[PDB]
Structures are given as C-alpha cells and as structure tokens.
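What follows is one structure encoded as structure tokens, with my remarks underneath.
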Amino acid sequence: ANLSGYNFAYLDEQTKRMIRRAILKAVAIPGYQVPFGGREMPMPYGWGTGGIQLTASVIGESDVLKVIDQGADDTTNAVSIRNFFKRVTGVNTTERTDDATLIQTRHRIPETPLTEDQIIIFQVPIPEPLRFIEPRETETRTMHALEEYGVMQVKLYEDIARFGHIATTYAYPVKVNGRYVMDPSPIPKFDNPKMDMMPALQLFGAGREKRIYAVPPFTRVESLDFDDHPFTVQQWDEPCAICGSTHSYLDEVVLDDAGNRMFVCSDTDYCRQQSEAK
Amino acid sequence: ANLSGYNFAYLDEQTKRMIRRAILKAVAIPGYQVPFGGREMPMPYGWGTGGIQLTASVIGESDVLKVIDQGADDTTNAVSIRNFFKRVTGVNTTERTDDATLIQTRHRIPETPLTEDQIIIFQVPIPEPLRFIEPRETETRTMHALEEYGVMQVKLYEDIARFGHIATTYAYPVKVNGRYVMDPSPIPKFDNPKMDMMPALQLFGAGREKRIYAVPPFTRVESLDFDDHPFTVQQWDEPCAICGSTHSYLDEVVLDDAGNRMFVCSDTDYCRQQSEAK
Amino acid sequence: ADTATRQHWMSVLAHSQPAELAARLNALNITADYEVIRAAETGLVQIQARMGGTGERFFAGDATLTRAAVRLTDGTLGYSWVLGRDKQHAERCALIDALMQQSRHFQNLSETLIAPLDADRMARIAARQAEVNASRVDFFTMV
Amino acid sequence: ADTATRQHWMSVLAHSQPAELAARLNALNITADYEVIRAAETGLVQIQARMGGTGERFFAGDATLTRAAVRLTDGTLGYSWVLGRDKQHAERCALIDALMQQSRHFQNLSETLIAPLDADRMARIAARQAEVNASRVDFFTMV
Amino acid sequence: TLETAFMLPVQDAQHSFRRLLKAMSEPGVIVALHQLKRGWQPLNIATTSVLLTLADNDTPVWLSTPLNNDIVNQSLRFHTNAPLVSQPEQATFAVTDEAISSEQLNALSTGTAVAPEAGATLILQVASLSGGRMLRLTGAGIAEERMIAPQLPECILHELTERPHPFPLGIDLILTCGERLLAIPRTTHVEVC
Amino acid sequence: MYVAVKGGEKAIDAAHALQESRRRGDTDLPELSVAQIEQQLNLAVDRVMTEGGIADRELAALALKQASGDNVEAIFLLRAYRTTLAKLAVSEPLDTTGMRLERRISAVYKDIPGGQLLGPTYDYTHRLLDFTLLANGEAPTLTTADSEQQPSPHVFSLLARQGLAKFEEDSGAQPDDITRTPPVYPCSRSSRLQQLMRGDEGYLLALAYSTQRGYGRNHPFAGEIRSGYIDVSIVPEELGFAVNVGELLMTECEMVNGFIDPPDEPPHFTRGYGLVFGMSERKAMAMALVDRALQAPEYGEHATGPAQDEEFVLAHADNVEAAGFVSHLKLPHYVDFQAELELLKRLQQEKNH
Amino acid sequence: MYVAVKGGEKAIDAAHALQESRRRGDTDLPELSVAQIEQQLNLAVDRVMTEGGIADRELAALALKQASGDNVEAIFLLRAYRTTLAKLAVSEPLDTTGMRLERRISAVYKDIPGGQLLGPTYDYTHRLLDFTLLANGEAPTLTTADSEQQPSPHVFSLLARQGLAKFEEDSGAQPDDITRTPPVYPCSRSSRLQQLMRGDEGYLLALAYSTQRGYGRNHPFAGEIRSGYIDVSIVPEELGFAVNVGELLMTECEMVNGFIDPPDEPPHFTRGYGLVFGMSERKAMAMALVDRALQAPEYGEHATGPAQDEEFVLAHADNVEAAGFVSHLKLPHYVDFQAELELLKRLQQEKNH
C-alpha cells in the first residue's frame, strides 16, 4: 500500500485531474499533442517525467504495473521508476507483459501482443515529429493545425535521394487515424507496426516538453514511406544468443576487446518466455 | 616601495615585455587595435584590466600616477586601482593633472591640457568602433584591413535622417592619422577635440577584448561628422555649482525627490583648481 | 481600529524570532485551554511582483508559508500565517492571536509580549542600518 | 635500468601522502647534511590532453606543481616535482631522491621507505576499487 | 665567458622601454639608454638594451653577418631565450649595420593588412646619428617637422622616402649609435632635404 | 551459454551509497551543517532559491548539502520539493519601495536621493586568494554610522517625472503562470519574466553579455540596483484583511535601455527589470537585459542576436530542463543506437558494393 | 554652497567589511573550513577547478569559501590567482586509457568490456529533499566487491575497429594557447576545446540542449563517460626523462554524433569530446556536444542554430568575461549617461517645438 507520507501516486488530486482531462482530450484527438501543466518529479526532466505523471494519474490499487526501459525491466531507470511507484502506491508489479494492466515503457513495445484493458504508456523526449525539421514550436503547431506536412515528405524524399534510404531509424513518424502525423516515441521502426489496430490504449507523455497524446484502441497507425521504398524493420543475421528467437528486436552486447559480441532480445520478458518454451 | 610579495607592478616580466612590444606596434600604427595576450587581474574583466596592464607595463618608480574615473580621483574604482598600484609599486600618486606623469582614466580626458612626457591611459570596454554596427570580429577586422568604413558612414547618415542628429554621444568614432577609424573609449564627445595634436602620448587598453592601441603625440584625430552637421560637444544651461566654470563637462547630481538638482564638474581636480583661483 | 490592531500584533508575531517568542511565552506562564482547529501546515505562498516595481503583476517564485489556527474555550479563533516552516512557532502565533482578542489578555499581552517584541526587532533593525550606512558613499556636504 | 628505478621511487614519493612520508622519514632518523639548491617553489604545470583521448593535443587547464632541489655533501643532486603546494613535502621528496642515489642508502631506503609507501598506496587503491566495483551493473553470466 | 645583462633587469628594462617609447612616439628624437654600460660588441649599448628589454622566446631575432658573433648569440640565448633565425624574413627583430643590402631589407616581414603588427622591427646600427644626409620628418609624433641627419644606407633611405609598402604595412626602424637611439615608425614621412 | 541476471537495483543502491559517502567525505572532519551553508555560502543559497522557485534559505542550503554543492542538482531538488507542497495563498503584489535596504546603487547619476549604499559587496575588492581563510579567523568589527534609512526613491521614478522614461503602469492584467500552463510562444512579458527569474544564471549572463557586444544591443545603464528586505502580505479567506507573513531578502535591478522615438509621443528611454531572491545581483542584471532584449516585438525591433529570439532563449533557459535532458544521454540508449548502427552498416555495405 | 568630500575609500572598506561579516555569518556557528568544502561540496569544487583553470581542490574550496559560495566569484578568484604563478612545466599528453576508474558508463551498448560502472552518482536517485541532513548522521557502510579493475577499452576504439567511427589521429600539430594569444576566429579545434573547457557550464548546457531540440542537431549518443584518476607526467630539463608528478581526478566524455557520408570513404559516425576536472559530468557532456556543433565548418554543415555560430558561442562562453562585463554596469556611468541625457532632451525639445 501507500505508506510513504505522499498522496497516492505522489501527485496531488488537482494535477491528476488536469492530466486526466488532457488524456481524455488526447484520446478524442488521436495523434494530437495536448499541452498539459506538468510538474517537476523526483526524476529529472528527460528521465521519464511525462510517463510517470500519466501512470500516476491513471494507476489504481488493483493495477499490475510493468515498467520497462530498452525492453528490460531490470534497466536502471526502469528499476528506479518502478521502485518509486511501489513506494507511493503499493501496487502489484510484474515483468510479465500478459499480466500487466499498465505498461510504462521507454523505447520498446513488448513483443507479446497487448490485450484489451491494457494501457501502454510511452516516455517521449520530443513529442513533435517535425521538430528536427523545424525546431520552432511556433511553426510546427501551425503546420499540424493546417495539416501542412510537406516538410516531412520532402525530408523523406531528400533522404532517399541522398542515401537511398530514409535516414530515421527510431521515432519514425506515423500518420494516425488518417490525419495526424505523430511521433511514436523513440521506439525502433521494428515496433511501429505493433501500433496499428492494437486492442490496448496507447498513451504518450513528454513531461519536459509538456505534451500528452494518445492512440485509442483499434486506430490506424501507418508509418510514412513510399511504395518503392516501403517501411522495413530492423533485421539481424543472428538469432537471440539466449532463446534463439529470430522475431525479436536484438541488442548487441560487446563481450571482449577483440570484437567478440552476441545479440540478445531487448524484450527480456519475451526472452524468458521463449527460453522456458524450449 | 613594492613590499607586497608581488613583482613590481604585479605583472611578470614576460607579460610586461609582451605588452610593451604591443604598445610599440600600436604607436607605429596609430588607431589600429593591436591584439595582446592579456591576463586576468585582481579586478574583474570590464573593470579596467587593460588600463591596469598598460600602466603596470609602463610605470616606473619615479612616475607620479594619477587615476581617475568619471573624471574624479575619489571614484570607487579609481580608489581601488590606485590603491592596488600603491601596494604593488609604491609609486607616488597625485590628483593633480599637471603633476602626473601617468594618467589612467575611465571615460574622461582632464580639462587641464596634457604636456610632453605625460602618458594618458584609457580604459576601453569595446575597442572596435564598428562593433555596434557589426558584432563580429571576423568582419570588422577585414573592414579595418581594407579601409571599408562605409557601414559607419551609413550609420551616421541614417542617424541624421531618423533623428536629425548623430545618435552616438560618447565613444564617438574618430579618424586617426587620416587612416584608422578608432574608438576613443567611452569619453563623452566633449573630450574628443582634446585628442587632436596633443603633446602627450595616448594609450588605449581593452583587457577583456584583448586589444591595445595608441595615438602618438601630435597626431591628427578628427571626429566623424558632416559639414552641415558638424561635431558639437555637450552643453549645459548652468555652470558648475561649485567653481562656476562654464568650460567643463558637468555631472548632474540629483539632490531631492522633488526634482532639485545641481551640476558640478566631472573633473574634480580642475574643479578644485577653479575654486582655488576664485 | 480593531482590524489595524489585530494586523499589527499578527505582524509582530510573524516577524518575531521563534526562539525569543517561545522564551517570552514560557516566561509569561499563560494558562489557556485551546484546541487546534487547523494543525500547523507548511505549504507555499506564491509571490506576486510588479514589472518595474509598479506595473503589471508577474509571478516571482514562491516562498514557504506555515499556517495554524486554534479555538479557545469561549469560541475565540486565533490564526497565524508565517513565512518558513516552524509549525510550533505558527501554533504559538495563532494562540497569541486568539488570546489578544480576549479583553482579559489584550492589555497585558500588548504591554508585555507584543510591544517588547516589536521594540527588540526595531533595535536589531536600527543596529543593522547603522552598520550598513557605514558603507554609504559621501560626495558633497552642504556648507 | 637505473633511470627506471629513479623514476619509480620519485613516482612513489610524488604519489605519497605528505603525512605518511613525513612520519616514515622521521622514524627512519636519517642523518644527512644537504643544502637546498632550489627552494621549494609552487607554480603551474600546464596540462596537455588529446582530442578523443588519442588525437591532436589541446590545453586542458593547469594544475599546481611544487618543485624542489637539494645537493648532498658529496655533490649528489636530488629533485622533486609533485602536484599541489606542499613545499615541505617537495623538500622531503628531493632529499629522498638525493639519498636514493647513494649506494649506502639505496637498498635500505628501498626496503624500508619506498616499497612500504608503494604497498600502502596499492592497498588503499585496492580497497577503493572494491567499493567502486560494488556499483558495477551485472547483465549476463556465462553458465 | 657570456656577456652581462642589466644589473637591475626589471628597473633597467622599464627605463629602456620608456626611452624607446619616447623615441618611437616622437620620431627623430634621440634618446640615451644609459642603464647598460657595455654593449655586446659588435652590438652597441642601445641595440643590446633594446634586445634585453623586448626580445624573448616569442620574438625571433636575426643578426646580420657582421653583427653575428658566437659570444653575442650565446649571451642573447642565455639572457632572453630569444630564438635566433638565420633568415631575415623569419625575424621579429632584425639587427644589422650599414652593410644591410636591399635584398635583406626587402626580405623583412612588413605585416599584413589585417595584421600589420605581425611584421619585423629593424634595429640598424649607424656610424653616426648626426653627420648624414639631412632628412626632414613629418607625421604622427611630430608637431610641425623635425630635422635629423643620420648616416644611413642608400637602401634604408630609399625605403624611408619612397615607402614601397602601403600603410599599415611596413617595418619600423630603430637607428642605434653607441648608447643613443632614434626611431622612425612606418608612419613617418621622410624627405631628403 | 549466457543467462540474464539481476544487477540494476543493487548497482543503483551501491552507486547511491558511494555518492553519499563521497558527500560525507573524510569523517575526521565534522559534517557540514545546513545552518553553516545558509550563513557562510549565502550566495550559492541565493542562486538555489531563485532558480529552484522557493525562497527558503534553509531548504536551499539543505539542497546544496544534499547535492554536494552542485548548484544544478540543488536547484532541481528544491524545484521538485515545490511539487509536494500546497499553495496556501498568493501574495499581494510586492512593493519594492518599502524594501529595507542592505544595498542601493545607481550608475546613471554620481549621487542620488538616499545615496549610493554599497552594502555588503565584493565590488572593488582585489581578487587575491585569501589564504588566511585556510584557518579560523576573526571577522572585522563593523564600524557604525547613523541608523536612519534615508528616503531612497526609485531612480526610474525620477527619470519618469522628468519625462525621460515611462512609468510602468498596471492595467490589472492577470499574470500568466507557467507553473500551471505550459508556455505558448509568443509569451506575455509576465510569463517571460517568470521564466527569466527561473532561468539559468550563466546562460542569461552570456546572452546579456552578447547583447552588450552588439548582438541585439539595448544600450543598458544600471539605473538602480537595490538589495534588502521586502515584506510579504496575504489576504486569507478566513479573515478577509491583509496580514504580513514576514519578509524576504530580495534584489531588484532596473536598467535604463536605449531610447526610442515613437510616432506620437516624445522620445524616451526603454527599460528592463530583474528580480531575484537574496543578495546575488548579476542574475537580476542579466534578467533585466534579456527582458529588454525579448521586448523587441513590442518595439518593432529587427533582431540582430539570439538574445532577441524568444523561443530560443526561453525554451532553453530553465536549467532543470536543460541539465536533465543533457544528462539523459547517460541513460541506456542501445536500442536506438542499434537502429542507427543497422542503417549505417547497410549504407557502408551498399557504398562498398 | 556644496563642497566635495572624500567618501570612496572608507565606503569601499566598510562594504568589504560588511561582506566579510556576512561571509562569516552567525559566529555561534563554527566557521567553515576549506577542507570541509573540499570534501563535502566536492561538485562545486569540481566546477570551480574546471572553469578557473587550476586543478587544485584546496584552492577551489578556498575560493568558494572566500566567494561565499558564489561559483562565478570563486572561478574568477582562481583564474586571477593563476596569473601570479609561474609555468614550471608542460605536461606530457594525458592518456585517459590509464585512468583509474571511479565510474565508467556507455549508453550505446547494454554491456561493454569492463562493464557499466556507475560509481558515485546522483543518477537514478529520487530527488526528494532529505531532511535527515538537517542533523548529523552516519554515512552508509559501503559494501565491497572484487578489487580488480577489469580492462575498460574506450568505446570509440571498439567503434573505430569496426569502421563505424574514425580514430582521432595525432599529426603532431602544435596546440593553440588562448591563455597566451587572444583567439582568432575561426579557431582551431584545439583552441575551441580549450575555450569550451573554461566555458560557463550553464551557457554550454543550454546550447547543447538547444542542439538536442533541433537548433543544429548533431544526433548525439553518450558513447562513453569515464571518471577517475589520471597520472600527470613531465619531462624536466634538469633530468631529461619523464617523472610522474601525481594524479588528477578527471572526467572524460566521448559522444557519438550524426554519421556522415563523405565522397570518398565509407559513411561513419562523427564525434565530440569533453574533458573536465573532477566528477561533475554535465560540463563534459555539454562540451562534447558544443564541440561537435562547432565542428560544422569541417563537415560543411549548414548552420541551423546559434550553437554552431563559433564567434557567438566562444566570445561569450567564458563567465569571467561575461560576469565581469555584466557586473561593470554597476560601475558609475554618469558621464556617459549625461551624454545620452543631453541628446535625449534636445530630441524631445525639437519634437515638441
């Protein structure tokens, strides 16, 4: 339970309510960056404050919280955030995706498909998919308002002309509900397909940049691409060195100074499930 | 004498010699900003470090040092600099212009005409007269090299077109020896005439900006102006409230909250001389 | 003038050093039964400043503020809002505020608690002003 | 190998804590007459670093450096360059450097002054390494 | 074996610098550098004093063959650290006597338009500062005019009169005779009278 | 074969223990007290209060102690602590004319009504390291003058009465609160000033310095700098009349800036404003300079420096955000870097084909 | 009539005495010791050493004590003290591969040879004000692991061996020294790095942050951050062979940046470098980010942010200069301002004619 001297989930009720109104607006306007009066957390800005605030505003006593970073529950920041939530809520926690009611993640969508009533909360550094093309909010806001997305299409076409490929490899922009160009958070291109027509509700929090957006269940999410340069996900020549999976995003572990390396699933829960199956 | 544990004049001999070579080059190239490897002083950058370094590199045991700020010897920074020099050199000091062999000043040239063998050392924040037109050194250096002074003339003409007068009131740019446009330091336009064909050597130090320049004795110094908008000096409707002088730069002393004020000479030594004459 | 008097004594209590007020209240040995309406709570007072000191308002940060409230047996309510985080000091200030509204205590406390505290603060202020005025730069003297 | 040995003992003296070296030299009660060629002087050593750790040099600030030099009665010259500003420590290091060049002292001092100092520094380093390695993040273990 | 420098380096260097500053800021004015009692022959007192005051590791020095002596070079290196260069174009201070050639003079760095101070200063040892062709000097440092008569080489006189290098470029000339010196900066107008 | 193991929690705990031990340092030395930091490192405390958003000297000193003197970490600690506290009141507008002066200077006039009161300052000191501070010493016995505070009207009031400057008028506009609503560019001057007060001291100082060097010049003169105690008052709903809750040590800076010649009024000086907690002044000066620079849209000024670029200045001013996001690179980034690596390897293979 | 009087010297002395008394604070509290500041406020000391130019912890702590915790004033104190000291030697180039590690992390790979060594860090702490520090406490008894330091090759070496990055080669170029010759724009990378190391932490942090937000993006990943003890060696003229003069605690940051595709070589990651005294890292990270940003001319990059504007960044980076020039406005400016006032009054009279 909550026995730390702080309000449940550490946010005062006013902040929770403001964030909840923001969440509802975001759901009603898929892909649109809803500004919200976010607060400074015990974690520094840029270390997951937006996801922390979203989880604190949605989480209840019966929720089973899963926190992952780089697809792993044992990552330093994942451990920190999960311990904070255990302190200020007392909720049950799990590393198993299929048992989680709330999944707060940084840079991965779990390999295990999500299910109805699950909520996955993404930590987002840059909520504006046009930011690296247009650094100014004064311009990107108008571009989203008027659906003026040409600079993005030009960026993609110039990337193809220069390198023969789209240069963006993570935080790959996606069109949501046929209207809004949205940043999917810095998940790899590998994870973008999972966002399309998913039974779980997706929430996205950028605490430093003060934005919340959402993709409701069963919403179209299509990565920007070309017919002759179709969206392609990361591939590796090796399977997971532990579970042998060929269908998972792999992380490269450098073993020695002589160039010896191995590749292992970024999704440690999926890796454990695969290893137990065999 | 010097009994403080520091080298005479607080600078090591290498720094004095480098500054002395810079001074000689500046003299040979009137108006040209000579870069020099200036050092951090006990006074913060922007509080007279360049003048301090120049005086330390030129001063000797038999010199009679006069230090003034706003024309007054008793000004806070003048007292500080003079006390520092008394500590690290032990030289005789004076408030009388005609008895000084070295005069270090901030924003005034004394009303008392200077004489042969006197050196007046100006503290300069911005040694580049084109800086407020062109903030970049990469451009102003070339403009001085190629004598491309049009932006300054355009600034003056645009000032006349806008306000009917040249907007610069202190640090009024001057052409030196018919060639170099030079910043005379933040002296009011009232003092610029005194620089023309003066028997004393004028040195200018910008410690923060790392420049030294010079006007040798008996060198032409002409303020940039127009025939129909000739160089005009500051004027006041009142004489000095103390000595009654009408020929001195006046400072405005606010006496009460009801708008009562008086005007008194900025040159306190000149004011004392005038008051003693009457 | 009652509101001005209450403001003055509350001010004096709010500006008092907690140690001196505690010592002075202990010495006066005031026997008064009270119940804490609002437990001393520390939060924030948002500071409003003015552009140029006189113009439009803008928020210049926050400061810590401790507030307390008590009720006496006769129903008198005492309140305190003091900068900082000293809950015990806030409770004492609220108790004195309640007592000062009772006719039996107003005169005695005013002569022996409030005025003395104000005088001590004024003396400290005057000493500091003398020390600071040592640093005034003199330029001219009328003859 | 003489130059390597001199470098090693100078290093050991340069890395020693001034207090332990002073205590150890006081205990050894070495009677040696020397004159200070260069009085212990504190100035700066300009630090050169490399771009990327391996590339072009650039100046990464300065550090305090104290240097001292002594001569023994037989003409042997002892020198010391130690980071910091401990003039007495620099003088002691220079004296030990001079003594270590004398055949009568090299073996005795090496067994009783230099080796002991190096061992103590290594022990302190090992303890700190253990404490720091407590913070290593474990990810995989070979089975 | 090495020569002796100033007895009071700080004070003597300061005095010599102030004399040289007087000379450079008032071209044609002869000053005396009395602090040094014997020059490093064949270098005279004034030349040696100027070198001791100004030269150091940052200022390469070129000495012409007639003034280049092993003892002089060793003393310069010991007392100033100043690197000695064998080519005039590499020198910040150039030292020479009447035998300076036109080619050596034209080899000296004059600075650049953007960095006019980056040139060389020529210290020329003259036989006499008083019995040469009369020169009338005008310009910065001179109220109306000043008349001098140093005994100058033809190449130096041509350089002074014609000023082939456009201002701000040019070398600054220090003429030394015994304990005395005079200075002619690049700015001085020189007319053979 | 390799098996995953749990190391995150224990490594984190060990790292935090190491940091706490380093903070304590040599146990032979007495542990620093928060009171000592508050009293003797008071300028660091001033900065931490101003940028953390809470004017509580003890809390700022506590944050500094906890942060091992790291001003950025201490600022973040205080700022985060702000989130846990309730807003019990909103102060009545401060009235800086009522400040009890520790220091009052003006650069625009030699002498002014109320005088040049230097107060405690390092100005005009010779910055020579004082090695006597390596051991205990005796503080100077302060000399004393008359105890009366002379009337010290604001210099800008004297300027405006002459018509040289414009009074800052209050139309009753409701201030924007960037702590409750995220900033919307272009921001009102109230929002800009709130953000500047919270901004990084060094960043704003560099911006102001660039303005002094021609990158968006505003011709500033230090019209007045005051440092002293200002009373704070509130109007509680319980009582309905104003109560004085105490006083705060604050520094106020008013800069005279370059004059303008509007079409239909006499030409007059512009102005900038800075306000900070405590005695440290340069933050207030830089705040006023950058406030004037960001006033460019009001005056139709053609921008010549980044200090006039509102979004660039304000979006990167808060060091909580900037330090957090720069430090976040320390976080594991191997998934994204793996994506980057995959693309780069394919590009290299294609080029080498 | 009015007569001038002398007030400058006594006012200055009184002001300095007031500042010294304020620095001492309440005499009931023990005076802070420089050793205490060095040990327990070690991150402030790290910043003061890095920006003051002298890596002497005791001197930095002394400056902090003398500056009343004002990091800017302490930095200036140390920088000024540098001028009084002679350069007795120039170190041999540092070799960071020999560092004795207190901390070593890499964001680009989950695990690396030598491991992720968090060391003493505030990373992953919950920034909740620890009120137990208001009273004396006990530092945690540190747990211990194996004492051996595993081989920790630089991550960029592993990148370069794969061909993903370019080794930083040494051509023997003589570094520029901005402490002896004023900078000449455009500056060499050596001069730029020297200036960045001396630069204001907050300014450079904000610039790096702006680069992360699209104003001159460099796609940075924290390839490696190391903090530990590195030995310093010199070659004295007396002996002619290298001597180890001790060791310094330093932090080194190597950033992977945006890859490039040069015309005649395989595409590869760019890189940035940061190096500071002590443990404080964010200065090193910001230094690397801004170094990469200022590498734009080398890579023919079209500037999209002020962080890429070399003169704007470097000319205003040194907080000694910036703080000094911003503070100088406190100096009397009444002659100048009188020159301004005369013009403005004439303009007003002419307009009102």
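Labels for the chains are A, B, C, D, E, F and G, by order of writing; each one numbers its residues from 1.
Keep in mind that, in the parts below, contacts are C-beta pairs under 8 Å (C-beta built on N, C-alpha and C of every residue); 3 or more make two chains touch, one makes a residue touch a chain.
Looking at the partners of chain C and chain F together, the chains they share are B, G.
Repeating the C-F interface, with the same residue numbers in over half of the contact pairs, is the pair D-G out of D-G, C-G or D-F. By number of C-beta pairs in contact, chains F-G lead all other pairings.
One finds 53 Å separating the Cα centroids of chain B and chain C.
The mean-CA centres of chain A and chain E are about 75 angstrom from one another, to the nearest whole unit. Residues of chain D in contact with at least two other chains: 131-132, 134-140. Counting only residues that touch two or more partner chains, chain F has 1-4, 6-8, 11-12, 14-15, 17-18, 58-59, 76, 80, 82, 86, 109-111, 116, 118-120, 123-125, 127-128, 142-143, 179, 210, 213, 215, 261, 267, 305, 315, 321, 323, 325-327, 331-334, 336, 340-341, 347.
Counting only residues that touch two or more partner chains, chain E has none. Taken together, the chains touch in the following pairs: A-D, A-F, A-G, B-C, B-E, B-F, B-G, C-F, C-G, D-F, D-G, F-G. On the chain F side of its complex with chain C, the touching residues are 49-50, 53-56, 58-59, 82, 85-97, 100-103, 110-111, 115-120, 142-149, 154, 156, 167-171, 173-177, 179, 189-191, 193-194, 197-198, 232, 234, 236, 238-239, 241-248, 252, 254, 271, 273, 275, 277. If you check the complex, the residues on chain B that touch chain E are 7-8, 13-14, 16-18, 20-30, 32, 34-35, 57-61, 117, 141-142, 144-146, 177, 179-180, 197, 199, 201, 214-220. Contact residues on chain E toward chain B in their complex (touch as defined above): 9-11, 13-15, 17-18, 20-22, 24-26, 53-54, 56, 58-59, 112-114, 116-117, 121, 139-143, 167-168, 172, 185-187. Here chain A touches chain G in the complex through residues 42-44, 70, 72, 76-77, 79-80, 84, 126, 131-135, 162-163, 251-257, 259, going by the rule given at the top.
Within the complex, the chain F residues that touch chain B are 109-113, 118, 123-128, 151, 153, 158, 161-162, 210, 213-215, 217, 261, 267, 304-305.
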